[PDB]
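Architecture and fold: a report
Below, each chain spelled out in residue letters.
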Amino acid sequence: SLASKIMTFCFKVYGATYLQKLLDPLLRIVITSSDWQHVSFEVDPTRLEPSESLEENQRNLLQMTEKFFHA
């Protein structure tokens, strides 16, 4: 619809810059693998790996999510 494209044009042209600035600090954190190291955020029982504890995956995923939600 035209109304959707009007919003899409505005959000895409203006929103893109706003998103990058807010996400910009996180870019250094994610690039840095010294602390993140190796982890899988999977909680699917079918795909669940016995090697990694389900509890560890759940807690890590929620903690990371909260950071984005607050921002």
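What counts, and at which threshold
Residues numbered from 1 in each chain as written, not as in the entry; some residues may be left out. Part of a larger assembly, values for the part shown. Heavy atoms only, no water. Helix = DSSP H or I, 4+ residues; strand = E, 2+ residues; numbered from the N terminus. Rg over C-alpha atoms; globule rule 2.2 N^0.38 Å. Buried < 20%, exposed > 50% of the residue type's maximum accessible area, 1.4 Å probe, protein only. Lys, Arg positive; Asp, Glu negative; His and termini not counted. Salt bridge = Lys/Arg side-chain N within 4 Å of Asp/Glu carboxyl O. Polar contact = N/O pair within 3.5 Å; in protein donor to acceptor, adjacent residues only side chain to side chain. Contact = heavy atoms within 4.5 Å. Patch = residues over 30% accessible without salt bridge, like charges linked within 9 Å, V, L, I, M, F, W, Y side chains within 5 Å. Areas by Shrake-Rupley, 256 points an atom, 1.4 Å probe, with all protein chains shown as cover.

For this entry, the PDB record names cryo-EM as the structure determination method and reports a resolution of 4.8 Å.

**So, the overall build of the chain**
The secondary structure content of the chain amounts to three helices and zero strands. Listing each helix as α and each strand as β along the chain from the N terminus yields α-α-α. For 71 residues, the compact-globule formula gives about 11 Å, and the C-alpha radius of gyration of the chain, at 17 Å, lies well above that figure. Along the first, second and third principal axes, the C-alpha atoms of the chain reach 50 × 30 × 20 Å.

**Some words on the side chain of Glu52**
One can find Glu52 in the loop between α2 (33-36) and α3 (54-70). Although buried, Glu52 forms no salt bridge, and the nearest oppositely charged side chain, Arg59, lies 10.0 Å from it. At a separation of 3.3 Å, a polar atom in the side chain of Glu52 contacts the main-chain amide nitrogen of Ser40. Setting aside its immediate chain neighbours within four residues, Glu52 contacts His38, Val39, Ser40, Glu42 and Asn57.

**Some thoughts on the side chain of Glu42**
Along the polypeptide, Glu42 turns up in the loop between α2 and α3. For the buried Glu42, no salt bridge exists, and the shortest N-O distance to an oppositely charged side chain is 6.9 Å, to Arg47. Discounting residues that sit within four places of it in the chain, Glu42 has contacts with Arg47, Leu48, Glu49, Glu52, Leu54 and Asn57.

**Observations concerning the environment of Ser40**
You can see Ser40 is positioned in the loop between α2 and α3. Residue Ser40 is classed as partly exposed on the basis of its relative accessible area, which comes to 22%. The spatial distance from the C-alpha of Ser40 to the C-alpha of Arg59 is 12 Å, given a sequence separation of 19 residues. Not counting the four nearest positions on each side in its chain, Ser40 is found in contact with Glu52 and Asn57.

**Details of a nonpolar patch on the surface**
On the surface, a cluster of nonpolar side chains totalling about 1100 Å² of accessible area is made up of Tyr18, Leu19, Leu22, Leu23, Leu27, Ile29, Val30, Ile31, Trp36, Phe41, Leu61 and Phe68. The set of elements that each furnish at least two residues to the nonpolar patch consists of α1 (2-31) and α3. For the nonpolar patch, the leading source of residues is α1, giving eight residues. Along the chain, the position of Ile29 falls in helix α1. Assessed through its relative accessible area of 42%, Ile29 is described here as partly exposed.

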